[PDB]
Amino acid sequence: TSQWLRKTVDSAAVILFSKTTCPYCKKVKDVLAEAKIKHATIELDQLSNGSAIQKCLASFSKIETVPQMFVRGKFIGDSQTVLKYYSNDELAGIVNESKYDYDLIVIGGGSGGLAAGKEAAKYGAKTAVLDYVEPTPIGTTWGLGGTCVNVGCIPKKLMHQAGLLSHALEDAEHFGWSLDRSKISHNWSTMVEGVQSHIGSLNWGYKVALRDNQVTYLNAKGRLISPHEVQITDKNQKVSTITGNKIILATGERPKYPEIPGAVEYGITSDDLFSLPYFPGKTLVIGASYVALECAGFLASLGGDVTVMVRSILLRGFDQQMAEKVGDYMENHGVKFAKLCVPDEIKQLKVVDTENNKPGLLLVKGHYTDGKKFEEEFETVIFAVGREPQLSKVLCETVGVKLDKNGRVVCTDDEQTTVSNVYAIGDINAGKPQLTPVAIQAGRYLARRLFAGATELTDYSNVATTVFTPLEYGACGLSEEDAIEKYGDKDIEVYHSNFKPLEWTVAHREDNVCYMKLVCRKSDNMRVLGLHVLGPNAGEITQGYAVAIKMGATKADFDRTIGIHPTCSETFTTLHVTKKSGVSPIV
């Protein structure tokens, strides 16, 4: 309790201890509101041990009454001392007094960093957010908001949507719409322009949002040179230094290139794909990550000639039964796979036409595991062979922020690095799921612990995911193989079923391709250890179930729940075929 309280007092920029039923508190609140002074507030009457807290406060203030106002680790006064400060118009300089230029500097203006920034400023923390987008080899760059906004989830899903509309056009005819499909084509550059216009509205909405929370935004490359000092290089190359109490590292990752001749010069990554000025044309995706398969899938649904070169397996780290079903759907729907194949070199045959927005032309040479040569021409070659942080570009090694062997930041469960005022969130936080909503929740929850005395940690267990392949794949919890490894085969029951979306019946799409399973623990009341679903809208299906699983759902909790009919998701409420039973999951 006093451990909690001295952390809180030391860390908050401007915090008020208070009670709901306290008119002097309210008059402090109103004076600060009226003064445009943002602050955290702890209502001691709403905590089970507010009494203990009010008492231990005397260790900081020499008093035990509410209101108590602190600034940057130091008691400032009760009601009368605040009004004294206000009426003398000394309050501004009081609440702005700091050893440092800022209470918080965020390095990286992405998902985690913007969320942490905004939330901190809400409680009075003087905040600066730094963001700079180092260009890709071909010079692609973009605005504020990080990987998801600009070159990730947002444009990725929009282009997935454009792909799904392909199949909407096909389905439309069976549902009675008179459509001349022989005279329908897709225009890559019209789609990119719409995608990029929505992104620009996000770049701009984030700038505006920072402005509206009095966050300082610096489009500058940050480098942490000591615990509290960040050296910024601006657009001009002008160098300067700013100081901050807390530092949040939220710099994300960038795509890796394979170390082969031609890769950097002639290939592209997802960084370039989503603003590509020309239709990629006949495309080779090298990789097997969810990024690789997502991109191949939508390019193929847009009518493209698409090949995916796979070294070993699809979606390493995901349930491999589900990965195979993902892959099988894509193969039967236009995506070619060069299985057990690696690339040796990219040779240029045509340069990109900057004039007519046409792709160039490339010769990809590689080899299969069976010794046969791979040699084929593609207009575009995309690498999706993983991503890596670039922290030597951000961290003077002298500061003492410890990195792991992969270059990610080693953190405690409250995101603290080995430099105690420096935290790391998002993709660079070693061992955490690399997902936008995780980074947002981490940054916001961290900001609350730093600046408003919260204690809640981010829960990184059982974080649900969706892969937006042509047929989508959502999961929450363990893969079937990881559950068996953890608990043993004898203790695992798997219930499963195929299903067919009603939307697919009249459209003449496949029976017994969509599929779901619950991976359960026999010895723990058939606890649901992992949920897996392959089918349309798989993220909408999966999300709600993640709440139940977080609460410890069992098979019996699924069974008790009544279905919504007609939906895909309702099939989770009637599963009865187990894998051990050997009975077929088909319907």
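The first residue of the shown sequence is 1; numbering continues from there. Under this definition, the rigid core comprises the largest set of C-alpha atoms superposing within 1.5 Å between the forms.
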query	finding
Stretch with larger C-alpha RMS deviation in 8 other deposited structures of this protein, core superposed, 377-385 versus 396-404	396-404
Positional deviation of Cα atoms in 8 other deposited structures of this protein after core superposition, greater for 386-394 or 124-132	386-394
Higher-B stretch (mean Cα B-factor, as the entry records it), 271-279 or 232-240	232-240
Average Cα temperature factor in the PDB entry - higher stretch of 85-93, 373-381	85-93
Per the PDB entry, maximal CA B factor within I541, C520, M551, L57	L57
From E134, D511, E265, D103, residue of greatest CA B-factor	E134
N429 - Cα temperature factor, lowest/middle/highest third of chain	lowest
Chain thirds of CA B-factor: placement of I564	lowest
Entry-reported Cα temperature factor of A12, expressed as the chain third it lands in	middle
Among modelled residues of the same chain, the CA temperature factor third for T41	highest
CA B-factor ranking of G488, expressed as a third of its chain	middle
